[PDB]
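Worksheet: one structure, shown below.
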Amino acid sequence: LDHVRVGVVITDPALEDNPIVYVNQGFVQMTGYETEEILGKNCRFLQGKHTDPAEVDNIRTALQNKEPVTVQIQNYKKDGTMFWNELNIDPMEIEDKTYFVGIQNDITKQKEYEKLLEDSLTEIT
Amino acid sequence: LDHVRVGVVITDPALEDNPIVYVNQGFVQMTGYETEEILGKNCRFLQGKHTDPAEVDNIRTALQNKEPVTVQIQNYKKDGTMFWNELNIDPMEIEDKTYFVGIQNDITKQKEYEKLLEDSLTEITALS
Ligand SMILES: *[C@@]12=NC3=[C]C([C])=C([C])[C]=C3N([C][C]([O])[C]([O])[C]([O])[C]OP([O])([O])=O)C1=NC(=O)[N]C2=O
Ligand SMILES: *[C@@]12=NC3=[C]C([C])=C([C])[C]=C3N([C][C]([O])[C]([O])[C]([O])[C]OP([O])([O])=O)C1=NC(=O)[N]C2=O
C-alpha cells in the first residue's frame, strides 16, 4: 500500500487516434483508472481544466515529427485529483513499425514522499 | 536516494533466445552499454557473480508461464559496478503479436538506506 511507481504506456499510431495498447500497473495506480479503462484510449483523456494547451500543442508537434519530448503537464486522476505529470515520450520501432513509448512520473507525489522522509529524518536530530 | 531515469526494454519471445528489440536511453544510461551493444542480446547479459539464482528462477518461470513478475535482482554495468535492479516484466500484445516489456528501476541507493535503517532499528531494540 502506497508507493511511487513510474507509469509506462505504449501507443499504436497505426490505429485510429493512436490508442494506448500497453500500460503498466504503475500507471493504473498513478491515475486511478483500471487497466481496461486505459487500454484503447488516447492518453489525452487524463487532461483537464488546467492543462496548458501550449504544451499539448508541443506534444502533438513532437509526435508528428517523431521527436523525443519531455514535458510537465497537469493531469487528472479518475477521482478528479490534479497531479503534475512529467511525461517523456520516445518514438520507436518494433516490427520495423513505429510505436510511442511514454514514461510518466507523478512529480506531485514524488515531492510529497521525499518531504515525509525529509521531515522524519529532521525529527531524529 | 536514487534519482535516475527508468529503463525500458522490449523483447520478442518468438525469436531465438528472446532477444531485446528495443531499449530506451534510460537503460543505456543505467547499464553503461550503448543501444548497439544491447539490441539482439538476451537481458541476462547484465547478470554476474551476485545475481541470485532464486530471482533468475522467478523471472524464468513467469516468462515461461506468460505471467507478470517483479523481482529485485543484482545486475552489473559495463564498467563492472553492481546495481540493484527492481525489474517488472509484463507480457503485451502489439498488432496481434506477443512481446515482453521490462521496466528497470535502479534502487541501489534505496537498498543501502534501507539496510542502515534496518540495522539501526535492530540496534535500538537491543538497547533500552
Ligand atoms: C499521456 N502520455 C502519452 C504517452 C504517449 C506514448 C503518447 C504517444 C501520448 C501521450 N499523451 C499525449 C496525448 O496522447 C496527445 O498526443 C496530446 O494531447 C496531443 O495530441 P492532441 O490530439 O490531444 O492534440 C499523454 N497526454 C497526457 O495528458 N498525459 C500522459 O500521460
Ligand atoms: C533484464 N530485463 C528483462 C526484460 C525483459 C522484457 C525480459 C523478457 C527479460 C529480462 N531479463 C531476464 C532475462 O532475460 C532472462 O529471462 C532471465 O535470466 C531468466 O532466464 P534464464 O535463461 O537466464 O535462466 C532481465 N534480466 C536481468 O538480469 N536484468 C534485466 O534488466
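All of the numbers you see were taken from the coordinates with simple rules; none came from a lab. FYI the Cβ positions are ideal-geometry reconstructions off the backbone, even for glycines, and counts take in every protein chain you see.
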- Message: Within the range B:27-58, name every residue whose backbone N is under 18 Å away from a label modeled 7 Å from Cα of A:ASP96 along the Cβ vector.
- Response: B:40
- Take the alpha carbon atoms of the range A:9-81, find their center, do the same for the range B:77-117, and report the distance between the two centers in whole angstrom. 23 Å
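Roughly how big is the protein assembly as shown's charge dipole about its Cα centre, with Cβ charges of +1 (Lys, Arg) and -1 (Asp, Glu), in debye to the nearest 20?
Working: 24 positive and 46 negative charges, 34 e Å.
Dipole of the protein assembly as shown, to the nearest 20 debye: 160 debye.
Give the residue list of trypsin sites (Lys or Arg not before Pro) in the range B:53-128 that are DSSP loop and have at most 16 other beta-carbon atoms within 10 angstrom. Each step should come with its number before you reach the end.
Numbers: sites: B:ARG60, B:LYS66, B:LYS77, B:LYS78, B:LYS97, B:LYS109, B:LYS111, B:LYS115; in loops: B:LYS66, B:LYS77, B:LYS78.
Hits after loop and neighbour filter: B:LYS66, B:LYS77, B:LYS78.
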- Mind listing the phi-derived Karplus ³J(HN,Hα) values for the range B:12-25, rounded to whole Hz, using 6.51, -1.76 and 1.60 with θ = phi - 60°, and x for any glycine or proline? 10, x, 7, 8, 4, 6, 6, x, 6, 10, 8, 9, 8, 6
- Query: Listed here are the pairs A:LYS109/B:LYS97; A:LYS78/B:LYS109; A:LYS115/B:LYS49; A:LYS97/B:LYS109; A:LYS78/A:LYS111; which of them are more than 26 Å apart at the Cα?
  - Reply: A:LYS109/B:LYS97; A:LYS78/B:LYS109; A:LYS115/B:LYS49; A:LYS97/B:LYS109
- Item | On Cα atoms only, tilt of B:53-64 relative to the major axis of chain B in degrees | 30 degrees
- What net charge do the residues around B:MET92 carry, taking every other residue with its C-beta under 12 Å from that of B:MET92, with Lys and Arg at +1 and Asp and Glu at -1? -4
- Hand me the GluC sites (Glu not before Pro) from the range A:95-125 located in a DSSP loop with no more than 15 other Cβ atoms within 10 Å, in residue order please. A:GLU95
- Message: Under the rule a/c < 1.5 gives rounded, and otherwise a/b versus b/c splits prolate from oblate, where does the protein assembly as shown land using the Cα gyration tensor?
- Response: oblate
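Can you give me the orientation-averaged projected area of the convex hull built on the Cα atoms of chain A, in nm²? Don't skip to the answer; put the middle values down first.
Working: hull surface 36.7 nm².
Average projection, Cα convex hull of chain A: 9.2 nm².
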